[PDB]
Each structure stands twice: as C-alpha cells, then as structure tokens.
file work.json (JSON, C-alpha atoms)
[["chain", "number", "residue", "atom", "x", "y", "z"],
["J", 1, "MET", "CA", 0.00, 0.00, 0.00],
["J", 2, "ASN", "CA", 1.37, 3.46, -0.42],
["J", 3, "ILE", "CA", 0.71, 7.02, -0.05],
["J", 4, "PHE", "CA", -1.23, 7.23, -3.26],
["J", 5, "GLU", "CA", -3.33, 4.23, -2.41],
["J", 6, "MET", "CA", -3.78, 5.53, 1.02],
["J", 7, "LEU", "CA", -5.25, 8.83, 0.16],
["J", 8, "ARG", "CA", -7.16, 7.54, -2.83],
["J", 9, "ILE", "CA", -9.02, 5.48, -0.43],
["J", 10, "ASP", "CA", -9.55, 8.49, 1.96],
["J", 11, "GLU", "CA", -10.55, 11.12, -0.63],
["J", 12, "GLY", "CA", -12.26, 8.98, -3.23],
["J", 13, "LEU", "CA", -12.56, 9.83, -6.93],
["J", 14, "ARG", "CA", -15.01, 12.30, -8.44],
["J", 15, "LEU", "CA", -14.85, 13.37, -12.10],
["J", 16, "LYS", "CA", -17.23, 16.25, -11.84],
["J", 17, "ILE", "CA", -17.06, 19.19, -9.44],
["J", 18, "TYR", "CA", -18.46, 18.70, -5.95],
["J", 19, "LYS", "CA", -18.78, 20.15, -2.47],
["J", 20, "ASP", "CA", -16.60, 18.78, 0.32],
["J", 21, "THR", "CA", -17.50, 18.49, 4.02],
["J", 22, "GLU", "CA", -16.85, 22.12, 4.70],
["J", 23, "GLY", "CA", -19.01, 22.63, 1.60],
["J", 24, "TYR", "CA", -16.13, 23.52, -0.71],
["J", 25, "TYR", "CA", -15.71, 23.00, -4.36],
["J", 26, "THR", "CA", -13.67, 20.07, -5.24],
["J", 27, "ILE", "CA", -13.01, 17.63, -7.92],
["J", 28, "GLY", "CA", -11.01, 14.49, -8.56],
["J", 29, "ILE", "CA", -9.21, 12.97, -5.63],
["J", 30, "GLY", "CA", -9.47, 15.62, -2.99],
["J", 31, "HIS", "CA", -8.34, 18.41, -5.16],
["J", 32, "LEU", "CA", -9.59, 21.64, -3.73],
["J", 33, "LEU", "CA", -10.83, 24.20, -6.19],
["J", 34, "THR", "CA", -12.21, 27.02, -4.16],
["J", 35, "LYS", "CA", -12.85, 28.05, -0.59],
["J", 36, "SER", "CA", -15.67, 30.01, -2.24],
["J", 37, "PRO", "CA", -19.25, 29.49, -3.46],
["J", 38, "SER", "CA", -19.37, 30.74, -7.01],
["J", 39, "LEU", "CA", -19.85, 27.57, -8.95],
["J", 40, "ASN", "CA", -18.30, 29.57, -11.65],
["J", 41, "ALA", "CA", -15.49, 30.60, -9.43],
["J", 42, "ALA", "CA", -14.85, 26.93, -9.26],
["J", 43, "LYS", "CA", -15.11, 26.11, -13.01],
["J", 44, "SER", "CA", -12.67, 28.89, -13.70],
["J", 45, "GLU", "CA", -10.18, 27.35, -11.37],
["J", 46, "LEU", "CA", -10.76, 23.99, -12.87],
["J", 47, "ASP", "CA", -10.17, 25.51, -16.23],
["J", 48, "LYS", "CA", -6.78, 27.06, -15.11],
["J", 49, "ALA", "CA", -5.74, 23.78, -13.58],
["J", 50, "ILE", "CA", -6.33, 21.54, -16.60],
["J", 51, "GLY", "CA", -5.64, 24.17, -19.04],
["J", 52, "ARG", "CA", -8.88, 23.62, -20.94],
["J", 53, "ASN", "CA", -12.46, 24.52, -20.90],
["J", 54, "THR", "CA", -13.77, 21.64, -18.85],
["J", 55, "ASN", "CA", -17.28, 22.65, -18.02],
["J", 56, "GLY", "CA", -16.61, 21.03, -14.64],
["J", 57, "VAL", "CA", -15.90, 17.51, -15.74],
["J", 58, "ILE", "CA", -12.53, 15.94, -16.15],
["J", 59, "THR", "CA", -10.98, 12.71, -17.00],
["J", 60, "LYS", "CA", -9.60, 10.05, -14.70],
["J", 61, "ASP", "CA", -6.29, 10.73, -16.25],
["J", 62, "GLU", "CA", -6.64, 14.31, -15.46],
["J", 63, "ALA", "CA", -7.80, 13.66, -12.02],
["J", 64, "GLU", "CA", -4.69, 11.60, -11.56],
["J", 65, "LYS", "CA", -2.45, 14.36, -12.82],
["J", 66, "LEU", "CA", -3.90, 16.75, -10.36],
["J", 67, "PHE", "CA", -3.25, 14.15, -7.77],
["J", 68, "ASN", "CA", 0.43, 13.55, -8.43],
["J", 69, "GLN", "CA", 1.06, 17.17, -8.36],
["J", 70, "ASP", "CA", -0.89, 17.33, -5.22],
["J", 71, "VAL", "CA", 1.04, 14.51, -3.53],
["J", 72, "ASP", "CA", 4.37, 15.83, -4.73],
["J", 73, "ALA", "CA", 3.64, 19.28, -3.48],
["J", 74, "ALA", "CA", 2.76, 18.01, 0.00],
["J", 75, "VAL", "CA", 6.04, 16.11, 0.11],
["J", 76, "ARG", "CA", 7.96, 19.37, -0.48],
["J", 77, "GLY", "CA", 5.93, 21.47, 1.81],
["J", 78, "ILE", "CA", 7.09, 19.03, 4.49],
["J", 79, "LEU", "CA", 10.71, 19.05, 3.42],
["J", 80, "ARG", "CA", 10.73, 22.81, 3.38],
["J", 81, "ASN", "CA", 9.03, 23.19, 6.67],
["J", 82, "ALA", "CA", 11.46, 23.69, 9.55],
["J", 83, "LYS", "CA", 9.27, 22.14, 12.09],
["J", 84, "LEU", "CA", 8.02, 19.32, 9.88],
["J", 85, "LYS", "CA", 11.04, 18.34, 7.97],
["J", 86, "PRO", "CA", 12.83, 16.93, 10.91],
["J", 87, "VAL", "CA", 9.80, 15.20, 12.25],
["J", 88, "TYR", "CA", 9.47, 13.55, 8.88],
["J", 89, "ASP", "CA", 13.06, 12.49, 8.82],
["J", 90, "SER", "CA", 12.82, 10.86, 12.19],
["J", 91, "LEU", "CA", 10.13, 8.47, 11.18],
["J", 92, "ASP", "CA", 9.85, 5.14, 9.44],
["J", 93, "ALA", "CA", 8.03, 4.85, 6.12],
["J", 94, "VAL", "CA", 4.53, 4.10, 7.00],
["J", 95, "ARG", "CA", 4.36, 6.86, 9.59],
["J", 96, "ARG", "CA", 5.74, 9.22, 7.11],
["J", 97, "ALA", "CA", 2.84, 8.51, 4.68],
["J", 98, "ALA", "CA", 0.55, 9.31, 7.54],
["J", 99, "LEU", "CA", 2.33, 12.61, 7.96],
["J", 100, "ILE", "CA", 1.98, 13.23, 4.27],
["J", 101, "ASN", "CA", -1.63, 12.35, 4.54],
["J", 102, "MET", "CA", -2.25, 14.88, 7.14],
["J", 103, "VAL", "CA", -0.60, 17.69, 5.43],
["J", 104, "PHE", "CA", -2.54, 16.92, 2.23],
["J", 105, "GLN", "CA", -5.75, 17.27, 4.07],
["J", 106, "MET", "CA", -4.72, 20.32, 6.08],
["J", 107, "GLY", "CA", -1.69, 22.14, 4.71],
["J", 108, "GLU", "CA", 1.78, 22.49, 6.17],
["J", 109, "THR", "CA", 0.57, 25.31, 8.22],
["J", 110, "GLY", "CA", -2.37, 23.40, 9.69],
["J", 111, "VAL", "CA", -0.19, 20.58, 10.52],
["J", 112, "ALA", "CA", 2.81, 22.40, 11.86],
["J", 113, "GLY", "CA", 0.49, 23.81, 14.51],
["J", 114, "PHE", "CA", 0.30, 20.64, 16.57],
["J", 115, "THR", "CA", 3.23, 22.31, 18.48],
["J", 116, "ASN", "CA", 2.61, 19.94, 21.22],
["J", 117, "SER", "CA", 1.73, 16.94, 19.09],
["J", 118, "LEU", "CA", 4.81, 17.97, 17.14],
["J", 119, "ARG", "CA", 7.39, 16.41, 19.38],
["J", 120, "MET", "CA", 5.56, 13.75, 21.41],
["J", 121, "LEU", "CA", 5.55, 12.51, 17.86],
["J", 122, "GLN", "CA", 9.30, 12.98, 17.50],
["J", 123, "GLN", "CA", 9.70, 11.56, 21.08],
["J", 124, "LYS", "CA", 8.37, 8.33, 19.66],
["J", 125, "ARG", "CA", 5.34, 8.87, 22.00],
["J", 126, "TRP", "CA", 2.14, 8.15, 20.09],
["J", 127, "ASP", "CA", -0.60, 6.93, 22.29],
["J", 128, "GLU", "CA", -0.36, 10.18, 24.22],
["J", 129, "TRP", "CA", 0.16, 11.98, 20.99],
["J", 130, "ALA", "CA", -2.76, 10.06, 19.65],
["J", 131, "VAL", "CA", -5.25, 11.00, 22.25],
["J", 132, "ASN", "CA", -4.23, 14.60, 21.88],
["J", 133, "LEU", "CA", -5.20, 14.32, 18.20],
["J", 134, "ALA", "CA", -8.61, 12.82, 18.96],
["J", 135, "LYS", "CA", -9.20, 16.06, 20.74],
["J", 136, "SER", "CA", -9.15, 18.23, 17.77],
["J", 137, "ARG", "CA", -11.56, 19.68, 15.49],
["J", 138, "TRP", "CA", -10.06, 17.75, 12.68],
["J", 139, "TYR", "CA", -10.86, 14.49, 14.28],
["J", 140, "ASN", "CA", -14.35, 15.60, 15.19],
["J", 141, "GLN", "CA", -15.29, 16.61, 11.68],
["J", 142, "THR", "CA", -13.92, 13.41, 9.96],
["J", 143, "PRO", "CA", -13.54, 10.79, 12.63],
["J", 144, "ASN", "CA", -13.53, 7.75, 10.41],
["J", 145, "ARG", "CA", -10.68, 9.07, 8.47],
["J", 146, "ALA", "CA", -8.96, 10.72, 11.38],
["J", 147, "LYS", "CA", -8.85, 7.40, 13.11],
["J", 148, "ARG", "CA", -7.48, 5.55, 10.20],
["J", 149, "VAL", "CA", -4.72, 8.08, 10.13],
["J", 150, "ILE", "CA", -4.05, 8.19, 13.83],
["J", 151, "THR", "CA", -4.03, 4.47, 13.81],
["J", 152, "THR", "CA", -1.46, 4.27, 11.09],
["J", 153, "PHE", "CA", 0.80, 6.75, 12.96],
["J", 154, "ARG", "CA", 0.65, 5.01, 16.29],
["J", 155, "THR", "CA", 1.25, 1.67, 14.71],
["J", 156, "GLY", "CA", 3.57, 2.26, 11.88],
["J", 157, "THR", "CA", 1.34, -0.36, 10.07],
["J", 158, "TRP", "CA", -1.35, -0.19, 7.35],
["J", 159, "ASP", "CA", -3.92, -2.21, 9.39],
["J", 160, "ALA", "CA", -6.50, 0.57, 9.49],
["J", 161, "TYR", "CA", -6.45, 0.46, 5.83],
["J", 162, "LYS", "CA", -7.18, -3.10, 4.85]]
call {"tool": "encode", "arguments": {"input": "work.json", "output": "structure tokens"}}
result
Amino acid sequence: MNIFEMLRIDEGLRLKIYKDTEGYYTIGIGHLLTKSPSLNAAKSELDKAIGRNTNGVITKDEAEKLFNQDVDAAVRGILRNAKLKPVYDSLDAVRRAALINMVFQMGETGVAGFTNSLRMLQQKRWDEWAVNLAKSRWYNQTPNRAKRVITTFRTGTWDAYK
C-alpha cells in the first residue's frame, strides 16, 4: 500500500465538481478548487488547472495528474518546513505517509500547529500523541478518516487500511 493508495481510499474519486464536508468546491481525488461558493469561481479554477475549458468535468487521467502534483507538493511542503522536515526524517516509512496524509488534508501550516503533538511525535510517544489528536476539530469533523490516520501513525502499520 502506499501514499497514493492511502489517500485515494480516503478522498475517493469524483470526475465532476463537488462540495466537500466544509461545503467547498472540489473535484477528482481531494483536489480543492475554491474556498468560495461561485460555482463559476470553481469552473474557472478547474479551467486554469487543466488548461482547458472543462465545463466542470474531467478525465480520470486528469484527475490523476492533479493528484500527483498534489502529492508531490505536499512532500515538499514538508521538506521545506522547519518544524516538519525533521519530524518527517525521524520516522519510518509508513508513519511518514501518515504525515503526508495529514498535510494533504490540512496544509503544512495546519499541521505544523500541533506544536505539542509535534514532538511527542518525535519523542516516539504516540498513544499520548494520539489522544491529543482525537481532541481536535479535525478528528471531530472526519472521525472515520482521522482514526485511520491516527491508527497508522501510532502503529507504523497499514492495518487501518485493509
């Protein structure tokens, strides 16, 4: 299983624009179009992204291209972040994907805020770090997923996912 598989499972695959949980415009595999409401606002952005007039519908292939870019980009946000980079480096491979998953869902900034979390993590703490996480808005708005992610982190295994 890998990062790509991981998130594909968590974000699903939609070929036509749609509203997320927070009610945002999205398409593909978790690709956020606009923190706005103008459905046109959103087609424009889709247009800019693919580079074609899409009328709000794209291809699998295209959804996958957004995706790669999206996963890559998270990977670098982490490596550029001063607080995240090193956490990332200290972890094994599964746990890292988990990290990458988080960031994808909430941005380097969002993530790098777990100031506390931050090192328990690095301390090779979990458990305690985990409970902290269950006490967050994040967890409370998408528990299923949050759990699968927290589980993966704690355990350094893909159990939650199969």
call {"tool": "closest_residue", "arguments": {"input": "work.json", "among": "J:104, J:126, J:139, J:67", "to": "residue 156 of chain J", "atoms": "all atoms listed in the file"}}
result
J:126
call {"tool": "closest_residue", "arguments": {"input": "work.json", "among": "J:90, J:73, J:19, J:159", "to": "residue 36 of chain J", "atoms": "all atoms listed in the file"}}
result
J:19
call {"tool": "residues_around", "arguments": {"input": "work.json", "residues": "residue 9 of chain J", "least_positions_apart": "5", "cutoff": "12 Å", "atoms": "all atoms listed in the file", "output": "mmCIF file with C-alpha atoms, in the frame of the given file"}}
result
data_model
loop_
_atom_site.group_PDB
_atom_site.id
_atom_site.type_symbol
_atom_site.label_atom_id
_atom_site.label_comp_id
_atom_site.auth_asym_id
_atom_site.auth_seq_id
_atom_site.Cartn_x
_atom_site.Cartn_y
_atom_site.Cartn_z
ATOM 1 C CA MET J 1 0.000 0.000 0.000
ATOM 2 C CA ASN J 2 1.370 3.460 -0.420
ATOM 3 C CA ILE J 3 0.710 7.020 -0.050
ATOM 4 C CA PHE J 4 -1.230 7.230 -3.260
ATOM 5 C CA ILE J 29 -9.210 12.970 -5.630
ATOM 6 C CA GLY J 30 -9.470 15.620 -2.990
ATOM 7 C CA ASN J 101 -1.630 12.350 4.540
ATOM 8 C CA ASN J 144 -13.530 7.750 10.410
ATOM 9 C CA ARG J 145 -10.680 9.070 8.470
ATOM 10 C CA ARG J 148 -7.480 5.550 10.200
ATOM 11 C CA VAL J 149 -4.720 8.080 10.130
ATOM 12 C CA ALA J 160 -6.500 0.570 9.490
ATOM 13 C CA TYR J 161 -6.450 0.460 5.830
ATOM 14 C CA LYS J 162 -7.180 -3.100 4.850
#
call {"tool": "atom_distance", "arguments": {"input": "work.json", "atom1": "atom CA of residue 40 of chain J", "atom2": "atom CA of residue 23 of chain J"}}
result
15.0 Å
call {"tool": "closest_residue", "arguments": {"input": "work.json", "among": "J:133, J:108, J:45, J:31", "to": "residue 153 of chain J", "atoms": "all atoms listed in the file"}}
result
J:133
call {"tool": "atom_distance", "arguments": {"input": "work.json", "atom1": "atom CA of residue 77 of chain J", "atom2": "atom CA of residue 47 of chain J"}}
result
24.5 Å
call {"tool": "residues_around", "arguments": {"input": "work.json", "residues": "residue 157 of chain J", "least_positions_apart": "6", "cutoff": "10 Å", "atoms": "all atoms listed in the file", "output": "number ranges by chain"}}
result
J: 93-95, 151
call {"tool": "atom_distance", "arguments": {"input": "work.json", "atom1": "atom CA of residue 46 of chain J", "atom2": "atom CA of residue 137 of chain J"}}
result
28.7 Å
call {"tool": "closest_residue", "arguments": {"input": "work.json", "among": "J:125, J:83, J:96, J:135", "to": "residue 109 of chain J", "atoms": "all atoms listed in the file"}}
result
J:83
